[PDB]
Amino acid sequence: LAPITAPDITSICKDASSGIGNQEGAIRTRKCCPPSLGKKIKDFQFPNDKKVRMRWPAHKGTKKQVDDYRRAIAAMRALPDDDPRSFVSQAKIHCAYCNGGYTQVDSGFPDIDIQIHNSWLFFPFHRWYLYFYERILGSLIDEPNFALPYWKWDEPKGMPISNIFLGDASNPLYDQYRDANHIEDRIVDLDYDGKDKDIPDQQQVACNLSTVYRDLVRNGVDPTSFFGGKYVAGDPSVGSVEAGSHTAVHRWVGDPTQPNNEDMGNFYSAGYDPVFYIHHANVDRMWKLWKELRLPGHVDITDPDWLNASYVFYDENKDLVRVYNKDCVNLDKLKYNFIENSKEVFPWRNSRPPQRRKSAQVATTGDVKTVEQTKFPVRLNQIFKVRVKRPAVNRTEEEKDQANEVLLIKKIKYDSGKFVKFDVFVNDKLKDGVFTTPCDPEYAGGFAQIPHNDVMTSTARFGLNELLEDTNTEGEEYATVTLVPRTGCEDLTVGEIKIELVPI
């Protein structure tokens, strides 16, 4: 039993020095430590709120919902910086936990930093972060049933940044450090890679819906693939949402003219944009949706090493509270939820990529070497293709409902002072001139990483059960994998590639 355990963050904290590629010229401070007020850390107790806080889509809020949120942020902004509830203090929380503020001294490892990103800590940490943030906002405006908006980018009209965030500084929800090309009611790109795609809005919307389906169904096949990999004291694959739509939105909003793409483009500065929290409000919602799908494998983590991991936050009373992963899995107990559509289906539920026609494919993926014929590690300074032996062919619906076939891209090594991304295509073999889109069945997804240099070693998982059917290759002994670099890959290597059956 070695769960990650935040220390007394008011006693053990150091300036952020990780994940910031240009510190000598950074727009926000790296002094992200919380105010030390001599408080004793209290244990969490479940809230006694009379009713459930209902978070609302940011593009369809009532007059009261918008006005309160706006009034709450104005109040938080007006607080002294040193106040732990202040706008600046709340932003620094993200910086402290994401950019090397804390050590694992409480677990007996004072020389190792805690990183809550790129692991199974990703979802529960942000859930707790928002929990206290929301309760703090409500107390500032004397609204005990106050609820955050959420950026519903899984809904077409929810996809552009909501106009409540736009205008100028006289709007509390406004932030000057945003990509000026992306704040004019333009549609978010949930698989953004730094380059604006010149495609019709209709197509971008369709692909955004496919991205949600991908993150929650095609690649989010089990707790490891969805939440992220196991992370314990003394020491991690990234999850489908985290390296997918979540990372895209950060890079899409951040200002590319700033040294570290501040604010949303980097973890240390993200919290200075009010939309950061509202984006994460929807990421929090994805966890709930993922469970509501009631598909095999869509279950919560039961590992004691996860359940007993804990963080510390200031609450609405400036008290320090220790919270555990085990206590945030049930929203009803945290006295909040999300206003849903009350319809038969999610708009993205059937956004599985269309089936590929055999008449659109040639016979083979071409002349390409197998893994065993290849010498690893392989440099990704150019497109890379290899055939990977599958554990079996022509599995029945029974076997597919018992085990996912999973593509593992292991030992991804690269300089993580810059945003990195490459894309993964499997069994791409179209006839010349065949019509293509950014969300074709061949596309397995991507590996994207916001800067987190402690140089760094990652792992990515892609589900193939649907894909092999969608591309008519469930009977081929090998899967041809194509890795395609988009940015920050000029020095990236890939140590191992393989496909495994992973029981549900």
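The first residue of the sequence shown is number 1, and the count goes up from there.
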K51 left out of the model in a third or more of other PDB entries: yes
Would you say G366 is missing from a third or more of the other compared entries? yes
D82 preceded by how many uncoordinated deposited residues after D81: none
In terms of residues present in the deposited sequence but not modelled, what lies between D454 and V455: none, 1 to 3, 4 to 9, or 10 or more? 4 to 9
For the C-alpha atoms alone, is the average B factor greater in 463 to 471 or in 31 to 39, going by the entry? 31 to 39
Going by the average Cα B-factor in the PDB entry, point out whether 204 to 212 or 417 to 425 comes out higher. 417 to 425
Take the CA temperature factors straight from the PDB entry and tell me which of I278, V312, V299, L140 peaks. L140
Which one of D189, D154, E242, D111 shows the top CA temperature factor in the record? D111
Tell me, lowest, middle or highest third: where does the Cα B factor of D193 rank within its chain? middle
Sorting the chain's modelled residues by C-alpha B-factor and splitting them into thirds places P438 in the middle
Please rank the C-alpha B-factors of the chain's modelled residues and tell me whether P259 sits in the lowest, middle or highest third. highest
By its CA B factor, does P57 count among the lowest, middle or highest third of the modelled residues in the chain? lowest
Just say lowest, middle or highest third for the CA B-factor of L307 relative to the other modelled residues in its chain. middle
